[PDB]
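Shown next, in structure tokens, is the structure this report addresses.
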Amino acid sequence: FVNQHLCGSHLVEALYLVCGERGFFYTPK
Amino acid sequence: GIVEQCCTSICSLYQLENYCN
Ligand SMILES: *C(=O)CCCCCCCCCCCCC
Ligand SMILES: [Cl-]
Ligand SMILES: [Zn+2]
């Protein structure tokens, strides 16, 4: 799914901002 | 996981905070 690949890119940049010093985890599966 | 919850619907910043460490 390209549109899923595109969405994930935007999710990781939002997680980066939201989570700040805590960091985050990006698990597709 | 986050793709099922936040790519099928827009997640608020509060919902996105669920995937923080
Ligand atoms: C890994 O395959 C994800 C598991 C669930 C699949 C849901 C995919 C939905 C993505 C929709 C993107 C639409 C963005 C405009
Ligand atoms: Cl896009
Ligand atoms: Zn994009």
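Residue numbering restarts at 1 in every chain; chains get A, B, ... in the order shown in the structure tokens, and ligands count up from 1 in that same order.
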(message) Neighbours of ligand 2 at 12 Å or closer, counting only C-alpha atoms and all ligand atoms: which residues, as number ranges by chain?
(response) A: 2-11; B: 7
(request) Excluding residue 28 in chain A and any residue of its chain fewer than 4 positions from it, enumerate the residues within 9 Å of it, using only C-alpha atoms, and give them as a list in words. (result)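 Counting only the stated atoms, we get residues 8 of chain A; 1, 2, 3 and 4 of chain B.
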(request) With a cut-off of 7 Å and counting only C-alpha atoms, select all residues of chain A in contact with chain B and give the selection as a ChimeraX atom specification. (result) /A:7-8,15,18-19,22-25,28
Please produce a file of those selected residues containing N, CA and C atoms, as a compact mmCIF listing (two decimals), in the first residue's frame.
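So part-v8.txt came out as:
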# COMPACT_ATOMS: atom_id res chain seq x y z
N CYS A 7 1.21 7.63 4.73
CA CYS A 7 0.66 7.96 6.06
C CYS A 7 1.69 7.76 7.17
N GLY A 8 2.47 6.69 7.14
CA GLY A 8 3.40 6.32 8.23
C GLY A 8 4.47 7.41 8.34
N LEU A 15 4.73 11.90 15.87
CA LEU A 15 5.21 11.27 17.10
C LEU A 15 6.47 11.99 17.62
N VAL A 18 5.13 15.24 19.24
CA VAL A 18 4.29 15.01 20.42
C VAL A 18 5.11 14.46 21.60
N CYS A 19 6.03 13.54 21.34
CA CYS A 19 6.61 12.76 22.42
C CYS A 19 7.82 13.45 23.05
N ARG A 22 10.66 12.06 25.61
CA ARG A 22 10.39 10.65 25.83
C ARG A 22 10.76 9.78 24.62
N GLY A 23 10.71 10.33 23.41
CA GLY A 23 10.89 9.50 22.23
C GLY A 23 9.57 8.69 22.06
N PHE A 24 9.61 7.81 21.06
CA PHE A 24 8.46 6.98 20.74
C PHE A 24 8.88 5.65 20.13
N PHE A 25 7.81 4.89 19.79
CA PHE A 25 8.04 3.64 19.06
C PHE A 25 7.10 3.63 17.86
N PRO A 28 4.95 -0.81 12.70
CA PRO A 28 4.00 -1.18 11.69
C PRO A 28 3.41 -2.55 11.97
(request) Pick out each residue of chain A that DSSP on the backbone tags as alpha helix (DSSP H); I need them as JSON, numbers by chain. (result) {"A": [2, 3, 4, 5, 6, 7, 8, 9, 10, 11, 12, 13, 14, 15, 16, 17, 18, 19]}
Store the residues picked out above, limited to N, CA, C and O atoms, as a PDB file, in the first residue's frame.
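Listing of again_28.pdb after writing:
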ATOM      1  N   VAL A   2       1.033   2.004  -1.107  1.00  0.00           N
ATOM      2  CA  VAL A   2       1.790   3.249  -1.043  1.00  0.00           C
ATOM      3  C   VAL A   2       1.156   4.263  -0.090  1.00  0.00           C
ATOM      4  O   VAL A   2       1.885   4.936   0.643  1.00  0.00           O
ATOM      5  N   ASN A   3      -0.180   4.378  -0.132  1.00  0.00           N
ATOM      6  CA  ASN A   3      -0.839   5.429   0.700  1.00  0.00           C
ATOM      7  C   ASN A   3      -0.597   5.126   2.171  1.00  0.00           C
ATOM      8  O   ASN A   3      -0.414   6.041   2.998  1.00  0.00           O
ATOM      9  N   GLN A   4      -0.490   3.851   2.537  1.00  0.00           N
ATOM     10  CA  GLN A   4      -0.114   3.494   3.924  1.00  0.00           C
ATOM     11  C   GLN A   4       1.339   3.910   4.203  1.00  0.00           C
ATOM     12  O   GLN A   4       1.689   4.425   5.293  1.00  0.00           O
ATOM     13  N   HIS A   5       2.212   3.728   3.212  1.00  0.00           N
ATOM     14  CA  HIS A   5       3.627   4.133   3.386  1.00  0.00           C
ATOM     15  C   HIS A   5       3.687   5.641   3.597  1.00  0.00           C
ATOM     16  O   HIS A   5       4.374   6.173   4.490  1.00  0.00           O
ATOM     17  N   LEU A   6       2.918   6.375   2.804  1.00  0.00           N
ATOM     18  CA  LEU A   6       2.850   7.840   2.916  1.00  0.00           C
ATOM     19  C   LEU A   6       2.312   8.264   4.295  1.00  0.00           C
ATOM     20  O   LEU A   6       2.857   9.109   5.025  1.00  0.00           O
ATOM     21  N   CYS A   7       1.210   7.631   4.732  1.00  0.00           N
ATOM     22  CA  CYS A   7       0.661   7.965   6.063  1.00  0.00           C
ATOM     23  C   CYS A   7       1.688   7.762   7.171  1.00  0.00           C
ATOM     24  O   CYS A   7       1.822   8.625   8.052  1.00  0.00           O
ATOM     25  N   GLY A   8       2.475   6.688   7.144  1.00  0.00           N
ATOM     26  CA  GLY A   8       3.395   6.318   8.229  1.00  0.00           C
ATOM     27  C   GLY A   8       4.471   7.411   8.340  1.00  0.00           C
ATOM     28  O   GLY A   8       4.940   7.700   9.447  1.00  0.00           O
ATOM     29  N   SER A   9       4.885   7.964   7.222  1.00  0.00           N
ATOM     30  CA  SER A   9       5.925   9.006   7.219  1.00  0.00           C
ATOM     31  C   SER A   9       5.423  10.176   8.042  1.00  0.00           C
ATOM     32  O   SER A   9       6.132  10.727   8.900  1.00  0.00           O
ATOM     33  N   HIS A  10       4.159  10.574   7.825  1.00  0.00           N
ATOM     34  CA  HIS A  10       3.553  11.674   8.581  1.00  0.00           C
ATOM     35  C   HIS A  10       3.279  11.334  10.051  1.00  0.00           C
ATOM     36  O   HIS A  10       3.482  12.175  10.954  1.00  0.00           O
ATOM     37  N   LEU A  11       2.985  10.067  10.354  1.00  0.00           N
ATOM     38  CA  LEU A  11       2.816   9.623  11.725  1.00  0.00           C
ATOM     39  C   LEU A  11       4.143   9.736  12.507  1.00  0.00           C
ATOM     40  O   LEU A  11       4.067  10.232  13.620  1.00  0.00           O
ATOM     41  N   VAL A  12       5.236   9.319  11.862  1.00  0.00           N
ATOM     42  CA  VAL A  12       6.516   9.386  12.602  1.00  0.00           C
ATOM     43  C   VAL A  12       6.914  10.848  12.869  1.00  0.00           C
ATOM     44  O   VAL A  12       7.376  11.129  13.982  1.00  0.00           O
ATOM     45  N   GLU A  13       6.655  11.759  11.950  1.00  0.00           N
ATOM     46  CA  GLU A  13       7.012  13.126  12.287  1.00  0.00           C
ATOM     47  C   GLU A  13       6.097  13.725  13.364  1.00  0.00           C
ATOM     48  O   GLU A  13       6.538  14.463  14.232  1.00  0.00           O
ATOM     49  N   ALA A  14       4.804  13.362  13.410  1.00  0.00           N
ATOM     50  CA  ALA A  14       3.916  13.770  14.492  1.00  0.00           C
ATOM     51  C   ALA A  14       4.332  13.162  15.835  1.00  0.00           C
ATOM     52  O   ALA A  14       4.368  13.917  16.812  1.00  0.00           O
ATOM     53  N   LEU A  15       4.735  11.897  15.865  1.00  0.00           N
ATOM     54  CA  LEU A  15       5.213  11.267  17.102  1.00  0.00           C
ATOM     55  C   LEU A  15       6.474  11.990  17.621  1.00  0.00           C
ATOM     56  O   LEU A  15       6.610  12.208  18.821  1.00  0.00           O
ATOM     57  N   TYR A  16       7.334  12.329  16.656  1.00  0.00           N
ATOM     58  CA  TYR A  16       8.537  13.046  17.078  1.00  0.00           C
ATOM     59  C   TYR A  16       8.218  14.319  17.817  1.00  0.00           C
ATOM     60  O   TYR A  16       8.817  14.606  18.887  1.00  0.00           O
ATOM     61  N   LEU A  17       7.303  15.125  17.299  1.00  0.00           N
ATOM     62  CA  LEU A  17       6.883  16.363  17.985  1.00  0.00           C
ATOM     63  C   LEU A  17       6.122  16.118  19.284  1.00  0.00           C
ATOM     64  O   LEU A  17       6.450  16.651  20.353  1.00  0.00           O
ATOM     65  N   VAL A  18       5.128  15.241  19.238  1.00  0.00           N
ATOM     66  CA  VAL A  18       4.291  15.007  20.424  1.00  0.00           C
ATOM     67  C   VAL A  18       5.108  14.460  21.599  1.00  0.00           C
ATOM     68  O   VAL A  18       4.827  14.874  22.731  1.00  0.00           O
ATOM     69  N   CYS A  19       6.026  13.540  21.337  1.00  0.00           N
ATOM     70  CA  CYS A  19       6.615  12.764  22.418  1.00  0.00           C
ATOM     71  C   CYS A  19       7.818  13.454  23.051  1.00  0.00           C
ATOM     72  O   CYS A  19       8.020  13.072  24.215  1.00  0.00           O
TER      73      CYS A  19
END
